[PDB]
Each structure stands twice: as structure tokens, then as C-alpha cells.
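So the chains spell out like this:
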Amino acid sequence: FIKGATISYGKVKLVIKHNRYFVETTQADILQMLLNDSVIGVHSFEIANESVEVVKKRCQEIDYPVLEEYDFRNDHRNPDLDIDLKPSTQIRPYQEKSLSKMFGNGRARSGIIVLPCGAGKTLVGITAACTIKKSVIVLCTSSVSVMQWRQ
Amino acid sequence: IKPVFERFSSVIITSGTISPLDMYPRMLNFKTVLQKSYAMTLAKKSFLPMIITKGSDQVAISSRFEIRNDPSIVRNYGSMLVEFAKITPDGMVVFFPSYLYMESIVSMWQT
Amino acid sequence: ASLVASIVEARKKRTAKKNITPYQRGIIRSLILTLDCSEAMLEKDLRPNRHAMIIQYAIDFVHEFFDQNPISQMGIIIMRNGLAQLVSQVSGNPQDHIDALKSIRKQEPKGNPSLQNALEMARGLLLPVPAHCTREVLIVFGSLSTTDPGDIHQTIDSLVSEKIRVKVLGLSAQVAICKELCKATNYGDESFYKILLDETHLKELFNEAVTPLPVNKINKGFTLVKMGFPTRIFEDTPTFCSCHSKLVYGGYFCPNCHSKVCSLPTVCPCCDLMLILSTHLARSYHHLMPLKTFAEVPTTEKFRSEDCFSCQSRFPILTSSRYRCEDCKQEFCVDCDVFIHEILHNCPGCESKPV
Ligand SMILES: [Zn+2]
Ligand SMILES: [Zn+2]
Ligand SMILES: [Zn+2]
Ligand SMILES: [Zn+2]
């Protein structure tokens, strides 16, 4: 089961070249497996950018998963937002481990983090933004709450 | 110290914590016929040196003449002061590079 | 290497205990137990409380001292909130000290120490003490500071003039004033000021501190004491005691005034003489002649017997646990040797050895 849980990691990569999803691969070797699947439509090509959501599912069944690990420092094109914090804030070690989760390589691994209520999840997100240091937006389906996270 | 050198041949120089030795024949135009250093062959260690680069809050600490009036690092410094004040049996001394800065920090500390 | 480490730690303990000497030690003792209800002993670094294990270990020390030194009398001074207090003076009755101890257990400890006040009224408590009655005070302290109404050094010199030896047991670490106290109190010796490291070492300090202390030639007190045993009479009537005036079925007679008392070892209340039994004097002959340590023979030699001379169990081989009494030349096991040295007061191998 662990042996069959071996993926083509680092082998499919979507890059957003200024709101343009270019689905690169690390090699032409991935392309010969990928062309066997025909739902779609080093080497990138045209994909309907809404259909990326469904073909991520489709490549999960055909077991070549894409990774999202942002080289923000190598993406000089997007303007950086160099914003720091105060030394008076104290990061708890589980929040430090959570920051180590997407920064095993330093590239921004995209994913899910769920924490208990009142755990300073706002402060963890503020720390994550202050170490990402790029253009960034915050979303939540309410108003009173959204203005108090702004505060 | 030149007329001391040409007045006396047996000029013998020693100190406690003079380390290293080589810049002293640079700053003073002289040489020694021999020079070395000595460390004690103590049984077990009874002086305990360690370098603290951070408080218990893990905040980097310094006493530079620009960032000397940084109240967060000041609060860290007094957390250290509290924790040694709670545990000091007999005597304890703190030094700083500059007496005006001492008076400034102790003034706001008393405040 | 576990047995090797045990052997070398037993060697270090044996080097500490090599001075087995028949010193004349303090037998007629008068004790003051200085205790503190200060806010430093409220700290929950000790579980459940510093004051908690102070209460239980003090109860244990009260029992151990009344057993090992029954003829002595011991007093209790409590420090609490800037002025020390007295809850138990020197008595042959442990029950009063135990009731005061559990009263302190029921109450809360809080305050700040005044060691000069504690020493001054301890001095006044030891003021009507006879010369043969040795004056000793035990000190516990959970802090690093003490404000005092006047200077301590005149008190120090005055208590040195009152011929007192005092042990001090601190909580955190060594304090220079208490070190100087034990120094000047104990003729330059500073083995009397010891600090614990945990509760096991703390209990070991208690078990050491129950024992009497050897006395010097220079503070000579060579005299006689006018002693007399009472006579127990199992009487057939409820009869008044001299002290508490209550009707008791049986009891003792005074050797002179024929009055009865509730308990032993106590002085007479009427003709005012110390009334003990042979048990109380019998309690310290193992102090009067000690038991020297036993020669742990090595496994290289051939042995006279390969089983224990006393408990009759076979000896093991890597190391040789055959421990030979030099007064008897019979090897014993480690279990029997430790038990005999901790409890027994005669070598049955020396009973086997004819003189
Ligand atoms: Zn009575
Ligand atoms: Zn009588
Ligand atoms: Zn045995
Ligand atoms: Zn023997």
C-alpha cells in the first residue's frame, strides 16, 4: 500500500504566468503518460482555466498529481509586499511546526490547516503573510467578522 | 614605554585576560624573546560560561547605541533581571557599555 | 557497568564513613525546632506543597527523635509574618508537639522571616537549661532574605557564649550568613549547613539529623546526674495523677515522693527528678560502642564458606558479596550486613567467635 502510494512528485507543475495557467512538466517523460488521457482540451498547453479544478481530480485518478510550491523569490514579476511584525508577539511551537509544514523546502506549499477556536489562527495567517511577502487577499463570507480581521 | 625599553633589559610583562598576544607587539614597537599563555588544570569546572543570544521569549538581544531605547528588548532584559533577582543568593553585578544608557534604562525601570 | 558504578559509589560512601570512632556524643539533649510559615514555602514546585512535606517529615522527625533519644526534650518555634511564635516548648510528651504540628497543618503558612527574633526567644527558652543538657537548635529556611529588628552579630556572639551548636538546613542553596552561623556556632565547622537536592536526600538529611552529635574536649561537662527509676504499680483503682489530676487505673510510683505520673521518660513534677527506664538508657549503647564496617572480600580468594554465615544464603560469583566482620572474621551477605548495621547491635559471628 505504501509502495503503491508512490506518485510522480515534482513531475507536473502549473505556473500562472500572469493569470495564464501554463501546465509545465519537469520532463517530456510525463507527457507520454498524460496524452493517454484525453479529457484535457518543459511542455505546457491550453487548458480551460475553470476546467483545471476538474482535471486536478482527473489527474488524481490517473495518479500524476500536480504540486503547488511557489518560488516567490524566483517570481520577481509579482511585486513583493515586504511587511514584518513586532518582537512582542510570541509564536507557539505548534504554530512554528505549522509554518514548517509548507516550508519544508521554502517554496510555498499550498494546502489545508485546521486549528481549534481561539488559537490565534489570525496571527498564524498574519505570520504566513509576513513571511510570504507578496500581494495577498483575505476572504470570508461575512461582514462584521471581516472588518474585525481587518482591524 | 620606549624609554622603559631602552632603559631596562629585563622588562617582563604579564596580565590575566590578555588574548591574543600578537597585536601588543604591533601597538607597541617591541618584541619578546619568548611568549605563551597558560590555562588552569582545574579538577572540575566551577566557572560556568554560556552565551545568551535570546531571552526566554527567544528575542535577539543587543545593546547598540541606536536600538538601545527599544522597549520590547528592554522588557526582555528585565525579565532576565527578575529571574536572576529571584534566585541570587549572595551577590550579582550587571554592566553595560555606557553610563547614560544605564541611567536612562534604570530611570524608566523605576518609572 | 551498573554493578561497577554501584561498587564505586559504595566505595565513596565508605570513604565518607571511614571515620568510625567512639566519640562521646550529645546524650542529654535539649532541642528547639525552628519552623517557618512564610510565603516562600507556599510554592508548588514541591508536590503537593513545600509546607506539606515539611509537616509530614517534621512529624516523622518528631517520632524518630522521641524513639532514638527519649530522655531528651525538644521545643518548636514557628516563624510567621514578621514575628516568630512558640507552639511547643521542650517536653517528654510527643503528643503535644504532634497536636501543634497538625494544627499548623490545618492552618495556612504565610509571612516573612525574622531570624533574630527567632534566635532571641530561642535563647530565652534555652536560658533555664542545665549545663549537662546540651543546647541544640535545628533550622529550616525556604528563602534568601531576612529583615531583622537589630543586628545579628551580637546575637551570634551571645549564643556562642551560651555554648550552642546548631545545624541549618536550607532549601535552595548555600547562604553566606547561615554558613557563618554554622561556622561560629560549631567551632569553625561548616558541615552543619547543608542544602537538599530532592525529597529523598531531604529524608536522608532528616535521618542523619535524628542522630546525636559528638562533643569536644574543650567544652567539658564531666559531671554526675542524680537519677532514679520509678516503680510501676498495676493498681486496682482509678487514681489521680500528679500532673493532670485525673483518675487513672494504674501507673508508677515516684522513687522519693511516691507520686504517680502518666508517662516516661519524664521528670518528677513533685520532688523534681528525671524518671526513666532501662530502655531509654539502653537506646544509645550502639552509639556508646558502634559497629565498624565489614570487610567485603574479593572474588579472587578462596572462601571459608560459599553461603552466608548469618541469613544462610548462597553467595554469588561477578563480584563477591561476602562481607567479613573484622571483630569476628566471618563473611556475611550484603543484605544481612546492611540490616545488622541499620537495626541490630551485636554480631552473631562475634557471638560464635570465643574470646
Ligand atoms: Zn496526668
Ligand atoms: Zn517525686
Ligand atoms: Zn545473609
Ligand atoms: Zn562479627
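Residues numbered from 1 in each chain as written, not as in the entry; some residues may be left out. Chains lettered and ligands numbered in written order. Part of a larger assembly, values for the part shown. Heavy atoms only, no water.

By the method listed in its record, cryo-EM, this PDB entry was determined to a resolution of 3.8 Å.

K.L.:
Would you take a moment to explain the pairing of strand β1 (residues 29-37) of chain C for this structure?
P.N.:
Every other side chain in a regular strand lies on the same face of the sheet, so the side chains alternate between the two faces. Residues and elements named next belong to chain C. Across the nine residues of β1, nine count as buried, placing the element largely inside the fold. Here β1 shows a buried face lined by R29, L31, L33, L35 and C37 and a second buried face lined by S30, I32, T34 and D36. Each parallel crossover has a hand, and the one from β1 via helix α2 (residues 50-68) to strand β2 (residues 73-80) is right-handed. (Buried < 20%, exposed > 50% of the residue type's maximum accessible area, 1.4 Å probe, protein only. Helix = DSSP H or I, 4+ residues; strand = E, 2+ residues; numbered from the N terminus. Right-handed = clockwise from strand over helix to strand, strands pointing away.)

K.L.:
Please explain the pattern of salt bridges as it appears in this structure.
P.N.:
Pairing between side chains of opposite charge can happen when the charged atoms of each approach one another. In this structure the tally under the stated criterion is 18 salt bridges over all chains. Note that A:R77 and A:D75 form a salt bridge whose closest N and O atoms lie 3.5 Å from each other. On the basis of relative accessible area, A:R77 is assigned to the partly exposed category, the value being 44%. Residue classification places A:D75 among the buried residues on the basis of a relative accessible area of 14%. Note that C:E306 and C:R322 form a salt bridge whose closest N and O atoms lie 3.8 Å from each other. Given a relative accessible area of 29%, C:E306 falls into the partly exposed group. Its relative accessible area of 3% is what places C:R322 among the buried residues. Residues joined in a network through salt bridges with shared partners are A:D71, A:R73 and A:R107. (Salt bridge = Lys/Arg side-chain N within 4 Å of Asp/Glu carboxyl O.)

K.L.:
Hey, could you run me through helix α3 (residues 93-101) of chain A in this one?
P.N.:
For an α-helix, the turn length of 3.6 residues means that residues three or four places apart are oriented alike. All names here are of chain A. All of the buried residues in α3 are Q95, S98 and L99. Angular distribution of buried residues about the axis of α3 spans 100 degrees; they occupy a single face of the element. Exposed and oriented more than 90 degrees from the buried face of α3 are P93 and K101. Those residues of α3 hidden inside the fold are in contact with α4 (121-132). (Arc of directions from axis to C-beta. Contact = heavy atoms within 4.5 Å.)

K.L.:
Would you explain the sheet that holds strand β15 (residues 330-332) of chain C in this entry?
P.N.:
Hydrogen bonding along the main chain pairs the strands of a sheet, whether they run parallel or antiparallel. All names here are of chain C. Spatially, the three strands line up as an open sheet ordered β13-β14-β15, and their pairing is antiparallel. For this open sheet the edge positions go to β13 (295-296) and β15, each flanked by a neighbour on one side alone. For strand β14 (residues 323-325) and β15, the ladder comprises three bridges, and the chain directions are antiparallel. Within the sheet, the bridge partner assigned to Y323 lies in β15 and is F332. (Pairing = 2+ DSSP bridges.)

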